[PDB]
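Chemist: Here you go, one structure.
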Amino acid sequence: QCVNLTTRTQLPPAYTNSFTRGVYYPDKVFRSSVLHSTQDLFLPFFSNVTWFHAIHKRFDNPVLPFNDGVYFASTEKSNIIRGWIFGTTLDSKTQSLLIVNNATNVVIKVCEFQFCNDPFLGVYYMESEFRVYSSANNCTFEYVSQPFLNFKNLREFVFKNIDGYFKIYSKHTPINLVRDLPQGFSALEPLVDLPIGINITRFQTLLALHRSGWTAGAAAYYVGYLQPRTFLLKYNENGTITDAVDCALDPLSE
Amino acid sequence: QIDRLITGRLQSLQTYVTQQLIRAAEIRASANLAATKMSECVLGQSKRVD
Amino acid sequence: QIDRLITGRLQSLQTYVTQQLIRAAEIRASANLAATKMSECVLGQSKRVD
Amino acid sequence: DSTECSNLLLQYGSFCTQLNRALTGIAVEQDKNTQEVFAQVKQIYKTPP
Amino acid sequence: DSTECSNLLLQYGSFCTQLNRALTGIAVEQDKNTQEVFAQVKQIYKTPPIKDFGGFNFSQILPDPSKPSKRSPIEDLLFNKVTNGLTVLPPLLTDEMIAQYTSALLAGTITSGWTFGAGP
Amino acid sequence: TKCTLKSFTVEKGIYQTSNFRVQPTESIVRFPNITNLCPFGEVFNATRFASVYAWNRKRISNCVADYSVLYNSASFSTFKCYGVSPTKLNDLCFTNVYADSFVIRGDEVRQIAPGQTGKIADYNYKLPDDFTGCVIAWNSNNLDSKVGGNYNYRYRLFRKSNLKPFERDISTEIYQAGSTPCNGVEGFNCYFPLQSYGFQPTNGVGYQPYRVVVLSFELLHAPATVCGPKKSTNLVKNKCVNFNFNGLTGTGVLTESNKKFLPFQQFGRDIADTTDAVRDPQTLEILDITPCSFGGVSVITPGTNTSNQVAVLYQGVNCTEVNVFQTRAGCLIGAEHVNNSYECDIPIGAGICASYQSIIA
Ligand SMILES: *[C@@H]1O[C@H](CO)[C@@H](O[C@@H]2O[C@H](CO)[C@@H](O)[C@H](O)[C@H]2NC(C)=O)[C@H](O)[C@H]1NC(C)=O
Ligand SMILES: *[C@@H]1O[C@H](CO)[C@@H](O[C@@H]2O[C@H](CO)[C@@H](O)[C@H](O)[C@H]2NC(C)=O)[C@H](O)[C@H]1NC(C)=O
Ligand SMILES: *[C@@H]1O[C@H](CO)[C@@H](O)[C@H](O)[C@H]1NC(C)=O
Ligand SMILES: *[C@@H]1O[C@H](CO)[C@@H](O)[C@H](O)[C@H]1NC(C)=O
Ligand SMILES: *[C@@H]1O[C@H](CO)[C@@H](O)[C@H](O)[C@H]1NC(C)=O
Ligand SMILES: *[C@@H]1O[C@H](CO)[C@@H](O)[C@H](O)[C@H]1NC(C)=O
Ligand SMILES: *[C@@H]1O[C@H](CO)[C@@H](O)[C@H](O)[C@H]1NC(C)=O
Ligand SMILES: *[C@@H]1O[C@H](CO)[C@@H](O)[C@H](O)[C@H]1NC(C)=O
Ligand SMILES: *[C@@H]1O[C@H](CO)[C@@H](O)[C@H](O)[C@H]1NC(C)=O
């Protein structure tokens, strides 16, 4: 089942500065009171990150290239964003990786789904409306884990596709800032590696509608792009990354 | 593969030992100067300027 | 082929740097001697023979 | 300008860093040598006319 | 701990012997350097208990008996301001021994001028 | 000393002759628990098996398979592997496993083999010439057979063309034995291709039903989720052992640590990027790795013209790990420590010297 949305209001996409966010642990190696320099796919310091709005009327669910990596940030309240769609052609021709989070748990599947032109969920003022797919023919991998989930919760996510492994880094940060990304440092701990071994070149975010026609929940998220560069990471005595330096930002950091 | 590793590590060790020898020659020159200063400034009064 | 060229050129560069370090040590000894001569012959009158 | 050669050279470790550091040390040592030989007075004396 | 690697390394002859010999030469040269700099007197001199040197005050350079290390205040400050088959060999002279050399040199030059450097 | 110096006369001094190494006592292999087992109980010993012309394809992936348990069962009268070794199944890793289960006649069991041509090989199940995996077959005369005759199993007897490898054909199109045209209507030379099996208890060996499970292995670029079991042994601490933690191996002394790893971290490294702490996969406790106490072995000797007595210095080695005298330079063996003070004859290090008067320190 698919439903067209013909009550949107036209608005060009926005941009904002990444500030000092997007740093994650490159590997599972502990380090104490050591300054470590590594070369890995990182989100550059002070770079423009594409800004999407969802406010009553805006509903932004486009299809974007994966490229070499994606940094996803979400100032999330009332849990509007529920999952992500991963694949190349977004139809039955190829195979897709599905990441969803419904009312019970998170389901991670690798199947050849049929995707709607407008995939979304539905909330009735209880969740009783699922219209994101119409068929599921050939499955090859299914995985179940525990759920990951004014603005009161900020979610950061980094997705990578190297050697067929899908690495998910995350960090739950409580903030109280109204509109834009806050200023600070927060390293994204790895959550789970998915040995999927499939081709991914595109992605799409999954939202949820409100019924009372449809009403757009108030939300805003960001999508960045990973660029391979060198970082100088600081590890404190407790072993967590407290500050970082981009070696190719400006001559002082170099 | 082990032969490649052995050549690399032996080259690294030789590089270390060579630069250690050069630094040791510099430190020996400095220590000879320090012994001369000990003899001529501490154990006597020197008329040598500076 | 690049590995052959890399090891050859790295060996050449390491040899050059080693010669430059040894020559720099010799020139530093000469410059220390020259500074001593400036102090003890230009800035003063030396009783040291020759 | 060969990027493949540089990628292969990265597997050899910090040899290039060591050589660059040694050459930089020699370069600053030359200036130190000239400084020690010639800058033995902080006052610029002039002969009478 | 690889036996095969050591068997392959045996093909290269005596390279390890050369490296160890050079490092041993450096190690003994360091101790020789310290001997030439500091062991210039065969007599361990002591200052008199009364520090009456005509108004001259050597407290900052004479050893401090209160400290466990028997180091002078300036020497104490100097020591405070300087901070896989690899072994570090300890020096032949300890820091206490080098400090005792410096104390002997200071006592000799304070109580006997340059005379102790040329004889009794 | 004479052999190191390549001389039959040794001058007075101290000479490094060899290297002391604390040889490891045990080998420790630590691996995470064997969890999320493969569902082999619902394949080999399920409720009902399928017919050969419509063989079910069971996919086994994202789990650990203990092929030794399946191998050591005595009820399996046939265990033939054509691309792998039966004893190496618990060590190798593969992307996914295809399991085909069906019922065939006793004499048709050997037709499931590469290079073998027969009714079942051509029209019911086809294997490639470069097939890999194991074919497991056992008799099922107590479960499939019925006194009234088990005719529920049908097998394809004729087809115009042979099956391609791993091809399923559930079609019931009428076979044309002769050249007479048939539009799906049976005639004198047009018969149904499926014939009911004659499994009976009165049938002897050869006509008894067999349940055959065929294992196929794939070696594509996808991650090899299917791996054999890991035999993690017990942990030994405070000793020089060869550890093996999740494939990272080395020699060292495993000791308790006060370092608090973040929960996602497994290994620890120092400023020089050497592994010095590891989290144990079985019990989540951080273990500190200290290298086994190696050192240089030095021999203190006067000239052979004077005496043949020697003293041995184990450089940087505690005396409990090798006239036993502990110095800051290391453990000194064979020299008696005296409270007197003399001028240095043979330098040991850290203010200690050795001389011959016996050899004193
Ligand atoms: C929602 O809208 C999209 C486009 O606005 C629809 O996609 C098109 O559907 C027509 C229907 O015949 C096709 O002819 C076009 O080829 C489709 N376009 C693309 C790019 O695929 C979509 O079908 C609509 N959803 C529903 C349920 O009608
Ligand atoms: C020599 O110098 C030392 C320090 O320069 C003098 O020690 C000081 O003595 C005064 C009073 O006598 C104290 O108030 C200071 O705190 C002392 N300073 C230190 C660092 O101890 C010492 O009195 C001087 N004279 C003699 C004869 O020793
Ligand atoms: C990011 O992109 C926007 C528009 O695409 C542009 O206005 C902005 O200057 C860019 N950021 C930087 C740092 O150049
Ligand atoms: C959430 O999705 C899973 C996946 O199919 C499903 O089994 C479960 O019933 C869903 N939860 C609810 C509340 O419907
Ligand atoms: C994928 O599904 C289509 C239709 O559902 C089917 O024709 C095809 O054989 C399937 N491929 C695999 C590899 O299962
Ligand atoms: C993945 O898909 C893209 C286009 O969707 C294609 O250009 C690329 O070659 C594919 N990669 C692989 C390894 O198949
Ligand atoms: C390290 O953690 C301890 C408790 O786990 C805490 O008391 C201390 O302040 C922390 N130090 C730093 C630098 O984060
Ligand atoms: C039936 O086969 C399964 C395969 O895993 C095995 O675990 C089970 O023990 C078998 N049943 C009997 C009675 O041996
Ligand atoms: C593994 O088994 C050990 C054995 O007692 C147990 O303590 C541990 O909780 C188990 N699970 C994990 C994840 O280590």
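Numbering starts fresh at 1 for the residues of each chain in the structure tokens, the chains themselves are lettered A, B, ... in the order given, and ligands are numbered from 1 as they appear.
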Any residue with an atom at most 10 Å from ligand 8 counts, using only C-alpha atoms and all ligand atoms. Which are they? Put them as an MDAnalysis selection string.
Modeler: chainID F and resid 37:46 65:67 69:70 73:75
Chemist: Those same residues, written as a PDB file, in the first residue's frame with C-alpha atoms?
Modeler:
```
ATOM      1  CA  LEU F  37      23.558 -22.437  17.182  1.00  0.00           C
ATOM      2  CA  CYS F  38      22.512 -23.485  13.699  1.00  0.00           C
ATOM      3  CA  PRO F  39      19.088 -25.222  13.556  1.00  0.00           C
ATOM      4  CA  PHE F  40      20.200 -28.669  12.417  1.00  0.00           C
ATOM      5  CA  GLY F  41      17.536 -30.393  14.522  1.00  0.00           C
ATOM      6  CA  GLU F  42      14.756 -29.141  12.240  1.00  0.00           C
ATOM      7  CA  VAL F  43      16.598 -30.344   9.110  1.00  0.00           C
ATOM      8  CA  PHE F  44      17.901 -33.855   9.784  1.00  0.00           C
ATOM      9  CA  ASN F  45      15.259 -34.955  12.303  1.00  0.00           C
ATOM     10  CA  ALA F  46      12.166 -32.962  11.308  1.00  0.00           C
ATOM     11  CA  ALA F  65      27.861 -25.183  13.113  1.00  0.00           C
ATOM     12  CA  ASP F  66      29.337 -28.067  15.125  1.00  0.00           C
ATOM     13  CA  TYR F  67      29.864 -30.587  12.319  1.00  0.00           C
ATOM     14  CA  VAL F  69      28.284 -33.722  16.511  1.00  0.00           C
ATOM     15  CA  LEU F  70      26.655 -34.527  13.159  1.00  0.00           C
ATOM     16  CA  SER F  73      26.457 -39.955  14.984  1.00  0.00           C
ATOM     17  CA  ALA F  74      26.526 -43.672  14.192  1.00  0.00           C
ATOM     18  CA  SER F  75      23.097 -43.772  12.508  1.00  0.00           C
TER      19      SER F  75
END
```
Chemist: Dump the neighbourhood of ligand 2 as a VMD selection string: all residues within 8 Å, distances computed on only C-alpha atoms and all ligand atoms.
Modeler: chain E and resid 51 to 52 55 57 to 60
Chemist: Residue C:18: which residues within 12 Å, counting only C-alpha atoms, same-chain residues fewer than 3 positions away excluded, as number ranges by chain?
Modeler: B: 14-23; C: 11-15, 21-25; D: 18-19, 22-23, 26
Chemist: Please find the residues of chain E near chain B - the criterion being any atom within 10 Å, counting only C-alpha atoms - and write them as a VMD selection string.
Modeler: chain E and resid 4 to 6 8 to 9 12 15 to 16 18 to 20 22 to 23 25 to 27 29 to 30 32 to 41 105 to 106 108 to 109 113 to 118
Chemist: Which residues come within 10 Å of residue F:340, counting only C-alpha atoms, excluding same-chain residues fewer than 3 positions away, as a count of residues only?
Modeler: 3
Chemist: Output as an MDAnalysis selection string all residues of chain E that backbone DSSP marks as alpha helix (DSSP H).
Modeler: chainID E and resid 3:9 15:38 73:81 95:112
Chemist: Please produce a file of those selected residues containing C-alpha atoms, as a tab-separated table (two decimals), in the first residue's frame.
Modeler:
```tsv
chain	number	residue	atom	x	y	z
E	3	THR	CA	61.62	-20.30	15.17
E	4	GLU	CA	61.20	-20.05	11.37
E	5	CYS	CA	61.97	-16.32	11.44
E	6	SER	CA	65.17	-16.95	13.42
E	7	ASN	CA	66.16	-19.69	10.96
E	8	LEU	CA	65.72	-17.21	8.10
E	9	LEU	CA	67.60	-14.53	10.07
E	15	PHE	CA	74.38	-8.40	11.52
E	16	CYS	CA	72.89	-8.76	15.02
E	17	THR	CA	76.39	-9.15	16.47
E	18	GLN	CA	77.46	-5.87	14.80
E	19	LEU	CA	74.39	-4.01	16.09
E	20	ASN	CA	74.82	-5.34	19.65
E	21	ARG	CA	78.54	-4.52	19.57
E	22	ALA	CA	77.88	-0.94	18.43
E	23	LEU	CA	75.23	-0.44	21.13
E	24	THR	CA	77.58	-1.90	23.75
E	25	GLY	CA	80.29	0.52	22.60
E	26	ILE	CA	77.86	3.43	23.01
E	27	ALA	CA	76.79	2.14	26.45
E	28	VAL	CA	80.35	1.90	27.78
E	29	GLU	CA	81.15	5.28	26.18
E	30	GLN	CA	78.37	6.92	28.24
E	31	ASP	CA	79.89	5.66	31.50
E	32	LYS	CA	83.34	6.75	30.30
E	33	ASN	CA	81.91	10.22	29.54
E	34	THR	CA	80.47	10.52	33.04
E	35	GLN	CA	83.82	9.39	34.55
E	36	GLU	CA	85.76	12.02	32.57
E	37	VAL	CA	83.35	14.82	33.48
E	38	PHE	CA	82.80	14.10	37.16
E	73	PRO	CA	68.68	23.25	46.19
E	74	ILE	CA	69.81	24.19	42.68
E	75	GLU	CA	70.56	20.51	41.91
E	76	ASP	CA	67.15	19.53	43.33
E	77	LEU	CA	65.49	22.12	41.08
E	78	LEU	CA	67.48	20.83	38.07
E	79	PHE	CA	66.37	17.26	38.73
E	80	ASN	CA	62.77	18.38	39.16
E	81	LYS	CA	62.70	20.44	35.94
E	95	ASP	CA	72.74	10.18	40.85
E	96	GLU	CA	73.84	10.12	44.50
E	97	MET	CA	77.41	9.28	43.42
E	98	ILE	CA	77.47	12.09	40.84
E	99	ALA	CA	76.09	14.47	43.48
E	100	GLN	CA	78.84	13.32	45.86
E	101	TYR	CA	81.44	14.09	43.16
E	102	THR	CA	79.93	17.56	42.73
E	103	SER	CA	79.93	18.06	46.51
E	104	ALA	CA	83.59	17.03	46.69
E	105	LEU	CA	84.47	19.44	43.87
E	106	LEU	CA	82.54	22.27	45.56
E	107	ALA	CA	84.16	21.61	48.95
E	108	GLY	CA	87.61	21.43	47.36
E	109	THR	CA	87.23	24.70	45.46
E	110	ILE	CA	85.63	26.50	48.43
E	111	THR	CA	88.15	25.36	51.05
E	112	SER	CA	91.31	25.04	48.96
```
Chemist: Where does chain A meet ligand 1 within 9 Å, residue by residue, with the nearest atom pair and distance in Å to one decimal for each, counting only C-alpha atoms and all ligand atoms, listed by chain and rising number, as CSV?
Modeler:
```
residue,atom,partner,partner_atom_place_in_ligand_line,distance
A:1,CA,ligand 1,27 (C),6.9
A:2,CA,ligand 1,27 (C),4.4
A:3,CA,ligand 1,27 (C),5.0
A:4,CA,ligand 1,1 (C),4.4
A:5,CA,ligand 1,1 (C),7.5
A:6,CA,ligand 1,2 (O),8.9
A:116,CA,ligand 1,25 (N),7.1
A:117,CA,ligand 1,3 (C),5.6
A:118,CA,ligand 1,1 (C),6.5
```
Chemist: Could you save the residues just selected, with C-alpha atoms, as a JSON list (two decimals), in the first residue's frame?
Modeler:
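result_9.json, freshly written:
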```json
[["chain", "number", "residue", "atom", "x", "y", "z"],
["A", 1, "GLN", "CA", 0.00, 0.00, 0.00],
["A", 2, "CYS", "CA", 1.25, 3.46, -0.98],
["A", 3, "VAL", "CA", -0.30, 6.91, -0.47],
["A", 4, "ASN", "CA", 0.74, 10.07, -2.29],
["A", 5, "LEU", "CA", 1.27, 13.23, -0.22],
["A", 6, "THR", "CA", -0.18, 16.22, -2.09],
["A", 116, "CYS", "CA", 6.78, 2.92, -2.36],
["A", 117, "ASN", "CA", 7.50, 6.29, -3.95],
["A", 118, "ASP", "CA", 6.41, 7.83, -0.61]]
```
Chemist: Could you write out, as JSON, numbers by chain, all the residues of stretch 304-335 of chain F that DSSP marks as strand (DSSP E)?
Modeler: {"F": [311, 312, 313, 314, 315, 324, 325, 326, 330, 331, 332, 333]}
Chemist: If the cut-off is 9 Å, can you tell me the residues of chain F near chain A, counting only C-alpha atoms? I'd like them as a ChimeraX atom specification.
Modeler: /F:59,61-62,221-225,259-262,264-271,277-278
Chemist: Could you tell me how far atom CA of residue F:294 lies from atom CA of residue F:272, in Å and to one decimal?
Modeler: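 One can read the atom CA of residue F:294 to atom CA of residue F:272 distance as 19.0 Å.
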Chemist: Write out as a ChimeraX atom specification the residues lying within 6 Å of stretch 100-106 of chain A, counting only C-alpha atoms and excluding same-chain residues fewer than 2 positions away.
Modeler: /A:82-83,145-147
Chemist: Go ahead and save the residues from that selection, with N, CA and C atoms, as a compact mmCIF listing (two decimals), in the first residue's frame.
Modeler:
```txt
# COMPACT_ATOMS: atom_id res chain seq x y z
N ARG A 82 11.93 6.74 12.70
CA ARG A 82 11.82 5.36 13.12
C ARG A 82 12.79 4.40 12.45
N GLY A 83 13.39 4.77 11.32
CA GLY A 83 14.30 3.84 10.69
C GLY A 83 14.89 4.40 9.42
N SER A 145 17.85 -7.16 17.25
CA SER A 145 18.61 -6.71 18.41
C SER A 145 17.67 -5.89 19.30
N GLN A 146 18.26 -5.21 20.32
CA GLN A 146 17.48 -4.38 21.21
C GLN A 146 17.35 -2.97 20.64
N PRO A 147 16.24 -2.26 20.92
CA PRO A 147 16.03 -0.93 20.32
C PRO A 147 17.08 0.09 20.72
```
Chemist: Considering only C-alpha atoms, can you say which of D:43, D:33, D:11, D:3 comes closest to chain C?
Modeler: D:33
Chemist: Would you list which chain F residues are within 6 Å of chain E using only C-alpha atoms, as a ChimeraX atom specification?
Modeler: /F:349-351
Chemist: All residues within 12 Å of ligand 9 are required, counting only C-alpha atoms and all ligand atoms; please report them as JSON, numbers by chain.
Modeler: {"F": [30, 31, 32, 33, 34, 35, 36, 232, 233, 234, 263, 279, 280, 281, 282, 283, 284, 285]}
Chemist: Quick one: residues within 10 Å of ligand 5, with only C-alpha atoms and all ligand atoms, as a VMD selection string?
Modeler: chain A and resid 92 to 95 111 to 113 135 to 140
Chemist: Name the residues in contact with stretch 96-106 of chain F at a cut-off of 6 Å, using only C-alpha atoms, excluding same-chain residues fewer than 3 positions from it; report them as a list in words.
Modeler: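 Near neighbours after the sequence-gap exclusion: residues 49, 50, 51, 52, 55, 56, 57, 58, 59, 60, 61, 109, 206, 207, 208, 209, 210, 211, 212, 213, 214, 215, 216, 217 and 218 of chain F.
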Chemist: List every residue of chain A that has an atom at most 9 Å from any atom of ligand 6, and for each one report the closest atom pair and its distance in Å to one decimal, counting only C-alpha atoms and all ligand atoms, with rows sorted by chain and then by increasing residue number, as JSON lines.
Modeler:
```
{"residue": "A:87", "atom": "CA", "partner": "ligand 6", "partner_atom_place_in_ligand_line": "5 (O)", "distance": 8.5}
{"residue": "A:88", "atom": "CA", "partner": "ligand 6", "partner_atom_place_in_ligand_line": "5 (O)", "distance": 5.0}
{"residue": "A:89", "atom": "CA", "partner": "ligand 6", "partner_atom_place_in_ligand_line": "5 (O)", "distance": 6.6}
{"residue": "A:198", "atom": "CA", "partner": "ligand 6", "partner_atom_place_in_ligand_line": "13 (C)", "distance": 8.2}
{"residue": "A:199", "atom": "CA", "partner": "ligand 6", "partner_atom_place_in_ligand_line": "1 (C)", "distance": 5.0}
{"residue": "A:200", "atom": "CA", "partner": "ligand 6", "partner_atom_place_in_ligand_line": "1 (C)", "distance": 6.4}
{"residue": "A:201", "atom": "CA", "partner": "ligand 6", "partner_atom_place_in_ligand_line": "5 (O)", "distance": 5.7}
{"residue": "A:202", "atom": "CA", "partner": "ligand 6", "partner_atom_place_in_ligand_line": "5 (O)", "distance": 8.1}
```
Chemist: Please produce an output containing C-alpha atoms for each residue in the selection, written as a PDB file, in the first residue's frame.
Modeler:
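In the end it all went to selection.pdb:
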```pdb
ATOM      1  CA  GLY A  87      19.902   0.025  -1.102  1.00  0.00           C
ATOM      2  CA  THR A  88      20.830   0.994  -4.646  1.00  0.00           C
ATOM      3  CA  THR A  89      17.805   0.977  -6.971  1.00  0.00           C
ATOM      4  CA  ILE A 198      25.758  -6.107  -0.228  1.00  0.00           C
ATOM      5  CA  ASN A 199      26.051  -3.123  -2.552  1.00  0.00           C
ATOM      6  CA  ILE A 200      24.628   0.143  -1.180  1.00  0.00           C
ATOM      7  CA  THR A 201      24.709   3.438  -3.105  1.00  0.00           C
ATOM      8  CA  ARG A 202      21.535   5.215  -1.894  1.00  0.00           C
TER       9      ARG A 202
END
```
